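Residue numbers (the numbering used here): 2 to 506. Accompanying notes for the structure given below.
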Amino acid sequence: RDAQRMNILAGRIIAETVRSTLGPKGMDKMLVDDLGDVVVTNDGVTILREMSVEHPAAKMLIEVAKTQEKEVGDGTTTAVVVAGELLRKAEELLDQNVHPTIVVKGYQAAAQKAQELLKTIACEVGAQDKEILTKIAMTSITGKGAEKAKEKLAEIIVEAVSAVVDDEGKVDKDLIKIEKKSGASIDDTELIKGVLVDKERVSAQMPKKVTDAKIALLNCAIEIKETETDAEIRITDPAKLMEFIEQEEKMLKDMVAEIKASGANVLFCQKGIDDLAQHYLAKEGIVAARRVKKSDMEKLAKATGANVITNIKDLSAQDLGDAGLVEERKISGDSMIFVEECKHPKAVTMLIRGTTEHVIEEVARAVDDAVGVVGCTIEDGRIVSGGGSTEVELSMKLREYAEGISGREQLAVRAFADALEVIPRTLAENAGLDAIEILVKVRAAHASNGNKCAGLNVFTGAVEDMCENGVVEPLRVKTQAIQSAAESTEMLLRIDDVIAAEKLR
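Take a look at the structure:
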């Protein structure tokens, strides 16, 4: 009969399935299909991509979340819980002979006024202050899941993201790279000065240690050339067999000799080399290597300032580059020259050590994520009181502003402020504490001239400061989440009624 009731009601069912999955701790709800593949995932968008929707109107509320996920990723679920709340309150006002045009006018006006509030409530932090940066380091280590050593693994990350920052103050995730390797503990990860390669030579004949040496960059191959004009190969002399085995082997003896005369003690080529040529390198003392990734040849010259060369047939003395820092060290046996820097890198690599691959994979997925959550702060430079601590403050500012606007539209403005009280409610119900009995204390702090970084701690379970413990998130997440929900929920209310259109393509 009403039609619109079934539409707004369908959206609530989608929020309840993701309302309890908010915050770090939260149970999961798997929805296995009739196939048999049983999968479980706590993330939000992962459940939306695999879900059998009932009504077609529900797709409108899901499309708006996919666009926000590709931008920031985190915070998309925060806009769905608020949607299900502001829609439920519409029923309480719809029965009061209130037309949807008056309700939509409140959200559009209240959402715009909120833009001028987060700018003042947000805190300013510089992308250099170590006193404030170290505090953000311990905030991310606790969110993911690794409190066994939040003091050592956090300090190494502070000096990493803070050193790879460019002059303008930006940073990208492509410059960070993670690896894995066995070890005795998790405190051996350090940094020296140089560059590392992600591939090792497939032989044990060339030298293995040469103190004080120069680096040489090569890229050319050794395959037979090919003329542009077409042609066909024809063989009619079976005698040609026991000739190229010795002739081809001689073309490399004189080629490698030119490399030593130029003054290159180290070499990093791509293709392979005959065995006889490798024996000479051992007596001459030229710790050479082969098989290198293309992306690796770009950071050797950009860090140490070497001169990258593309041709191997010609190699003069000027083509020599320069080494950064050579030092000896054993890697659970063989001793190579592995050193990395962080002043002006291109693809820094960290050697994670551990006793078992289990703990290594856990911390391995934490260092790469630490640069993502922190990389955004280095670019923007504006943070707020996350963890539902910034919404309680807006509840007091909107009420004072609602008194200025008169008429029947003031009812929708007050409902918007109260609708934001669901963020701390869901986080409280998951911990087992009565929200009605704790929400009265958090408001007491924000009574007049109280701190603005106050909130509730899920661990201790008491009112504390957010900037002190560790609850911080970017600004674009909260600001865009409220704006995205305002423009996403209005599309559901502006629908006059269903239509029986035929042949909808």
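Virtual Cβ for every residue (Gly too), placed ideally from N, Cα, C.
Cβ-based neighbour list, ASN431, same chain, cut-off 7 Å, excluding 5 preceding and 5 following: As a position in the sequence shown, residue 431 is number 430, starting the count at 1. Result list for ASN431: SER21, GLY24, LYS26, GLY27, in chain order.
Alpha-carbon spacing of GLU469 relative to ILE9, whole angstroms: Indexing the sequence shown from 1 puts residue 469 at position 468. Indexing the sequence shown from 1 puts residue 9 at position 8. Spanning the two alpha carbons is a distance of roughly 40 Å.
Ordered along the chain, which non-local residues of its own chain (more than five positions away) have a Cβ less than 7 Å from that of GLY45? For the purposes of this step, residue 45 is identified with residue 44 of the sequence shown, where counting begins at 1. So the list reads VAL19, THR22, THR77, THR78, once near-sequence residues are dropped.
For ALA16, which option in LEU494, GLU148, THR490, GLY462 has the closest C-alpha, if you only look at C-alpha atoms? Locating residue 16 in the sequence shown gives position 15, counting from the first residue. It is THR490 whose Cα lies nearest to the Cα of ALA16.
Where do the ends of the beta strand (DSSP E) carrying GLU474 lie? Translated into positions along the sequence shown, residue 474 becomes position 473. From DSSP, the beta strand (DSSP E) with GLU474 extends over 473–475.
Mind checking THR391: buried by the 16 CB within 10 Å criterion, or exposed? Against the sequence shown, residue 391 aligns to sequence position 390. It counts as buried.
Excluding the 5 residues flanking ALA436 on each side, which residues of the same chain have their C-beta closer than 8 Å to its C-beta? The sequence position of residue 436 within the sequence shown is 435, counting from 1. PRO425, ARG426, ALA429, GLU430, listed in sequence order.
With the cut-off set at 8 Å, would you say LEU321 and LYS215 are in Cβ contact? To locate residue 321, count along the sequence shown from 1; it is residue 320. To locate residue 215, count along the sequence shown from 1; it is residue 214. Yes, the Cβ-Cβ distance between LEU321 and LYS215 is below 8 Å.
Determine, using beta carbons only, whether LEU134 and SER163 come nearer to each other than 8 Å. Numbered from its first residue, the sequence shown carries residue 134 at position 133. Numbered from its first residue, the sequence shown carries residue 163 at position 162. The Cβ-Cβ distance between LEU134 and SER163 falls below 8 Å.
Do three or more CB pairs link the stretch 246–264 to the stretch 281–292 at distances below 8 Å? Short answer: they touch.
Reference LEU440; option with closest CA among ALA205, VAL464, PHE460, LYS453: Against the sequence shown, residue 440 aligns to sequence position 439. Of the candidates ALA205, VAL464, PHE460, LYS453, the one whose C-alpha sits nearest the C-alpha of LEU440 is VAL464.
I'd like the span of the beta strand (DSSP E) that includes residue 1, first residue to last. Missing from the structure shown is residue 1; the chain here goes from 2 to 506 and no further.
Do you know how far the Cα of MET52 is from the Cα of residue 1? The structure shown does not extend to residue 1, since the chain is modelled only from 2 through 506, so no value can be given for it.
Given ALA138 as reference, the closest of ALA11, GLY146, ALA155 once Cα atoms are compared: Walking along the sequence shown from the start, residue 138 turns up at place 137. Here the closest residue by C-alpha is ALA155.
Enumerated in chain order, which unbroken segments of the alpha helix (DSSP H) with a length of 4 residues or greater are wholly contained in the stretch 150–176? Taking only runs of at least 4 residues, the alpha helix (DSSP H) segments lying wholly in the stretch 150–176 are 153–162.
State the DSSP-derived secondary structure class of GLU342, mapped to helix, strand or coil. One-based indexing of the sequence shown puts residue 342 at position 341. Judged by DSSP in its simplified three-state form, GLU342 adopts coil rather than helix or strand.
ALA307 and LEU218: beta carbons closer than 8 Å? If you number the sequence shown from 1, residue 307 lands on position 306. If you number the sequence shown from 1, residue 218 lands on position 217. It is a contact, given that the beta carbons lie within the stated cut-off.
Along the chain, where does the beta strand (DSSP E) containing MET351 start, and where does it finish? The residue labelled residue 351 in the question sits at position 350 within the sequence shown. Note, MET351: beta strand (DSSP E), 349–351.
Measuring straight from C-alpha to C-alpha, what distance separates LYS314 and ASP168? One-based indexing of the sequence shown puts residue 314 at position 313. One-based indexing of the sequence shown puts residue 168 at position 167. Approximately 39 Å between the Cα atoms of the pair.
By the 10 Å Cβ neighbour count, where 16 or more other Cβ atoms means buried, how is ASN452 classified, buried or exposed? Against the sequence shown, residue 452 aligns to sequence position 451. Exposed, since its Cβ has fewer than 16 Cβ neighbours within 10 Å.
Roughly how many angstroms separate the alpha carbons of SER333 and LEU119, rounded to a whole number? In the sequence shown, the residue the question calls residue 333 occupies position 332. In the sequence shown, the residue the question calls residue 119 occupies position 118. Their Cα atoms are separated by approximately 52 Å.
Using the Cα positions of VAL172 and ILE379, report the straight-line distance between them to the nearest angstrom. Start at 1 with the first residue of the sequence shown, and residue 172 comes out as number 171. Start at 1 with the first residue of the sequence shown, and residue 379 comes out as number 378. Between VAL172 and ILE379, the alpha-carbon positions lie close to 7 Å from each other.
Please tell me whether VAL73 and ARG383 are closer than 8 Å, where the distance is taken between their beta carbons. For the purposes of this step, residue 73 is identified with residue 72 of the sequence shown, where counting begins at 1. For the purposes of this step, residue 383 is identified with residue 382 of the sequence shown, where counting begins at 1. It is not a contact, given that the beta carbons lie outside the stated cut-off.
What are the residues that DSSP puts in a beta bridge with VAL464? By one-based count along the sequence shown, residue 464 stands at place 463. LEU457, per the DSSP bridge assignment.
If you measure between the beta carbons of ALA80 and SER407, is that distance less than 8 Å? Mapped onto the sequence shown, residue 80 falls at position 79. Mapped onto the sequence shown, residue 407 falls at position 406. For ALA80 and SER407, no; Cβs fall outside 8 Å.
Would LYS300 be called buried (16 or more neighbouring beta carbons within 10 Å of its own) or exposed? As a position in the sequence shown, residue 300 is number 299, starting the count at 1. Classification for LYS300: buried.
Rounded C-alpha distance that separates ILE157 from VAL327: Position 156 of the sequence shown, counted from the start, is the residue given in the question as residue 157. Position 326 of the sequence shown, counted from the start, is the residue given in the question as residue 327. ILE157 and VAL327: Cα-Cα distance of roughly 22 Å.
Extent of the continuous alpha helix (DSSP H) to which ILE193 belongs: Working through the sequence shown from its first residue, we reach residue 193 at position 192. Note, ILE193: premise wrong, no alpha helix (DSSP H); not H, not E.
Helix, strand or coil at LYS178 [DSSP, three-state]: Stepping through the sequence shown from its first residue, residue 178 is reached at position 177. Reduced to three states, the DSSP call for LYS178 is strand.
Taking three-plus beta-carbon pairs below 8 Å as touching, is the stretch 231–247 in contact with the stretch 263–278? Three or more Cβ pairs closer than 8 Å define a contact, and the stretch 231–247 falls short of that threshold against the stretch 263–278.
Return the residue from the list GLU117, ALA110, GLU125 that minimises the CA-CA distance to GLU474. Walking along the sequence shown from the start, residue 474 turns up at place 473. Minimum Cα distance to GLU474 is reached at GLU125.
What do you reckon, are the CB atoms on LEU87 and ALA418 nearer than 8 Å? Counted from its first residue, the sequence shown places residue 87 at position 86. Counted from its first residue, the sequence shown places residue 418 at position 417. No, these two residues do not count as a Cβ contact at 8 Å.
In terms of residue numbering, what span does the alpha helix (DSSP H) encompassing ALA420 cover? The residue labelled residue 420 in the question sits at position 419 within the sequence shown. Per DSSP, the unbroken alpha helix (DSSP H) holding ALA420 starts and ends at 411–420.
Using a 10 Å radius around the Cβ and a threshold of 16 neighbouring Cβ atoms, would you call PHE269 buried or exposed? Within the sequence shown, residue 269 is the residue found at index 268, counting from 1. Classification of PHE269: buried, given that the 10 Å Cβ count is 16 or more.
Beta-carbon separation of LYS151 and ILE142 under 8 Å? For this step, residue 151 is matched to residue 150 along the sequence shown. For this step, residue 142 is matched to residue 141 along the sequence shown. Result yes, Cβ atoms of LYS151 and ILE142 sit closer than 8 Å.
Hey, how far is the Cα of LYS71 from the Cα of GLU227? As a working mapping, residue 71 is identified with position 70 in the sequence shown. As a working mapping, residue 227 is identified with position 226 in the sequence shown. Their backbone Cα atoms lie some 45 Å apart in a straight line.
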